[PDB]
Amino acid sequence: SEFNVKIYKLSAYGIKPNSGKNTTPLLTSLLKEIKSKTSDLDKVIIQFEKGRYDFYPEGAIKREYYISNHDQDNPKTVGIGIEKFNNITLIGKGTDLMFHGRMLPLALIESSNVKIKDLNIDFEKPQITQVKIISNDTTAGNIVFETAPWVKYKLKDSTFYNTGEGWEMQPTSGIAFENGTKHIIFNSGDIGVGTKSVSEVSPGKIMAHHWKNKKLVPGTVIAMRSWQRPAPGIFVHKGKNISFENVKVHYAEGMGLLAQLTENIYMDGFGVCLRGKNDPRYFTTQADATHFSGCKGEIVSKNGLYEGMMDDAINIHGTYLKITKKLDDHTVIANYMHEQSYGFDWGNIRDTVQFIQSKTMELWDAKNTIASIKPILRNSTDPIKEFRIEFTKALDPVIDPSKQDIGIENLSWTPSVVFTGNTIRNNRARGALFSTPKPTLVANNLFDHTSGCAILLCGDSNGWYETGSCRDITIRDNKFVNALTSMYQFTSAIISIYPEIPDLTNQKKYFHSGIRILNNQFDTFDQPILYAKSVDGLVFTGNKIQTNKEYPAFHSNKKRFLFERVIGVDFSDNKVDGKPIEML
């Protein structure tokens, strides 16, 4: 008021570091009061000190949230709820926010001009279980594994459970890592784990009686997990002008940062990573580091570190609805198709939409405009699965769900992207997924031993229902070091342009266009550099390919360049081991 900013040092308001008390009910009561006073014009700062603050489920808010690309288990146990609260900055000074149990650490809901700064999010007991191979008898298939120090397990009926505060989970798969390098072991990917038929040798030494894998040599560290992903580390819904400066998420039961329906996002020094060379842990998030579902405006993600995640560093995409019924020339019923992306809005009046022929992944050039959109809900308390959309223009009768499978992309909720000077390494699946028609720069990044392919441009309106016909994308001045040591969906080359197209031989229209790959360095042991399916306009120029033998060549695709349904190729000034490689 008489202050430009009101700054609350948290310690002046009964919230101290290293107290080991439950900070949840306190920060919750305090933010509720600061909000009930501060006007929308009013600028607020919440300030944490050097040290550790522990949050537990007790006294947390219970919100029903629908979160793109996550399990829809409700309610969510929310540690810090920033809801309908503007011009607010949470800052720390090497601050460690430590969570317990199954929680959503930080939720930013329907808030504008929120900045989060110099703060670190972690759980004490990750649902991921770290173990070390002690002995592997390849003949008998007996493996003895050592639980890491922080791990509290429980055997019942010869079954290995990992535990924390109010939770107990049996791991079903894992990722294996090289000792030391923390790389993912060559040709491993997702592997089965011996959590069935087990018995305790000695405390934290577990004998797996039926586990056969010649690759899990003594010393191998294994991140045992399930497929569960009920809550991200930071969830952002319907934000405008959101900032993250020097914020690290070290683990969460879900994605590091999941932002949806949010209009501008600025990230300098974001990390989903380990605490350095001394971190005993090999693993970070249970899913994607950073994920942006149906965002718009400008996304800047720069100078970040992403390591050891159970998925990609960044995935930027929309959701295709599937048309289930045409009511008239102007009105359709359209549906959310996937179990992990439903329950949140899809569009607003005046949004630009285009339609897609799901089976051949072909766009109709005829765009439209949403005139009306209302979710269809049989009971008050039902999640959004189904909309009734009205368009301003009338639909060509070729757009009838009873003739073929038809999808809708919202071209209005598409962000532009700057993804520069980041480091991605030692992570499961791909490095980076980009699915946006809007201009996209991917520059001066380091892809250091990603398990799968460095970059994936992929759309699909049949299985995952994730939009992404790309139209404008420069991948320049990057460094790709020994990518693709392991196979995962779509991992055909270091850079894979792989849309999911059920019927490619009958496709007439190219799905992706305007892709530029210039002045990159590829350090590789294998052959595949670029795979490209359904592209019109593909520039590959001034790139440098440097061979090494750090691992054996193995990929089924033995071609540096593999094109399927690709026109518009421009290919000059490229080299392999300093020798020119020309098309002509």
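Start at 1 and count along the sequence shown; that's the residue number.
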Q.
Quick check: 167-175 versus 394-402, which has the larger average CA B-factor in the record?
A. 394-402
Q | Residue range whose averaged C-alpha B-factor is higher in the record, 322-330 or 268-276 | A | 322-330
Q) Which has the highest CA B-factor per the PDB entry: 234, 418, 446, 371? A) 371
Q) Looking at 238, 425, 512, 156, which has the biggest Cα B factor in the entry? A) 156
Q: Place residue 125 in the lowest, middle or highest third of its chain's C-alpha B-factors, as listed in the PDB entry.
A: middle
Q | Third of chain Cα B-factors occupied by residue 529 | A | lowest
Q: Grab the CA temperature factor for residue 438 from the record and place it in the lowest, middle or highest third of its chain.
A: lowest
Q) Within this chain, which third does the Cα B-factor at residue 70 fall in: lowest, middle or highest? A) lowest
(Q) Ranking every modelled residue in this chain by its Cα temperature factor as given in the entry, which third contains residue 551? (A) highest
